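Accompanying notes for the structure given below.
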Amino acid sequence: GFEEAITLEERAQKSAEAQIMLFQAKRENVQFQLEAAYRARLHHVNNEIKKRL
Amino acid sequence: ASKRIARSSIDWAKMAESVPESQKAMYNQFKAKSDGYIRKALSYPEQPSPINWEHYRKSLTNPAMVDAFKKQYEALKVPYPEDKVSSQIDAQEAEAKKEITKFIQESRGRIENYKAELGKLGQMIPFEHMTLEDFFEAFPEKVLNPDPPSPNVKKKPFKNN
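So this is what it looks like as structure tokens:
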């Protein structure tokens, strides 16, 4: 039981490290969403110009 | 471009090695909802269709409109959208760092306690050579005069009513 408790504390520390990975993935996902919205507005502008032509 | 939209991601392999399933079932949303931001990232490139101005010059008697529209298209460039969530994410990251530091400190204290208990139990005298007082020294529950008594001093002969 003592050895299993030690290994579970190690797993908890690894969970904290993967929480840091989660926050980095969160800010990456926000940048991905913002860039994708920029691509859509570029597409909308190009589609309108093609419609005028 | 298509650099940080189409051809980039975050390694989910190390993410799934820590999450305790039902405790972090929102990861099933996080791997899926962000995948939605990957699915729209499958669409939406920078330039979806370049304009063949030569084709419109050939298809129109007066190509001055084609040249004017080409000049207007080249004169307009959309920049990257504004951001106001960066400070919020940095604040969440700082709060996460403080909570992780606190949790690591608590884990260090619990590890030290468990190692002390394991060392104490390793250093105990074996039960074959243990007198009935060395057992009561290593297990200080004992049986005392101001204690709930019984002729069979057991774990359930008193109270429980």
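Going line by line, the protein sequences match chains A and B. Residues in the first sequence are numbered from 116 upward in steps of one, following the working numbering. Residues in the second sequence are numbered from 329 upward in steps of one, following the working numbering. Every residue, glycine too, gets a C-beta built ideally from N, C-alpha and C.
### Query
Exposed or buried, what is A/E118 when buried is set at 16 or more other beta-carbons lying within 10 Å of its beta-carbon?
exposed
### Query
Under three-state DSSP, which class holds B/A444?
helix
### Task
Label B/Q400 either buried or exposed according to how many other C-beta atoms from any shown protein chain fall within 10 Å of its C-beta, with 16 as the threshold for buried.
Burial call: exposed.
### Message
Can you check whether the C-beta of A/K166 is within less than 8 Å of a C-beta belonging to chain B?
### Response
no
### Query
Alpha carbon to alpha carbon, what distance is there between B/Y384 and A/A152?
Computed Cα separation, rounded: 29 Å.
### Message
Which residues in chain A have a C-beta closer than 7 Å to the C-beta of B/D411? List them in chain order.
### Response
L149
### Task
Select from B/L404, B/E382, B/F464, B/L472 the residue whose C-alpha is nearest the C-alpha of B/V394.
B/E382
### Query
Does DSSP put B/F486 in a helix, a strand or coil?
B/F486 falls in the coil class under three-state DSSP.
### Task
Please state whether DSSP places B/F467 in a helix, a strand or coil.
In the structure shown, B/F467 sits in coil (DSSP, three-state: anything other than H, G, I, E or B).
### Task
State whether the stretch 343-360 of chain B contacts the stretch 136-155 of chain A, with contact taken as three or more CB pairs (one from each stretch) at a distance under 8 Å.
yes
### Query
Between A/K166 and the ligand SAM, is the CB less than 7 Å from at least one heavy atom?
As far as ligands go, the structure on display features none, and thus does not contain the ligand SAM.
### Query
Interface residues of chain B around A/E124 at Cβ under 7 Å?
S435, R438, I439
### Query
Counting along the chain, where does the alpha helix (DSSP H) carrying B/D395 start and finish?
392-403
### Task
Could you give the DSSP three-state label for B/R335: helix, strand or coil?
coil
### Query
Excluding five sequence neighbours on each side, which residues of the same chain lie with their C-beta closer than 7 Å to the C-beta of B/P476?
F486, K487
### Task
Enumerate, from N- to C-terminal direction, the unbroken alpha helix (DSSP H) stretches of 4 or more residues contained entirely within the stretch 343-385 of chain B.
Counting whole runs of 4 or more residues, the stretch 343-385 of chain B contains the alpha helix (DSSP H) stretches 354-370.
### Task
Pair every Cβ in the stretch 119-138 of chain A with every Cβ in the stretch 430-437 of chain B, then say whether three or more of these pairs are closer than 8 Å.
yes
### Message
I need the boundaries of the alpha helix (DSSP H) containing A/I135, first residue and last residue.
### Response
117-167
### Task
Can you tell me the Cβ-Cβ gap for B/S435 and A/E150, rounded? I've got them flagged as a contact below 8 Å.
Rounded, the Cβ-Cβ distance is 38 Å, inconsistent with contact.
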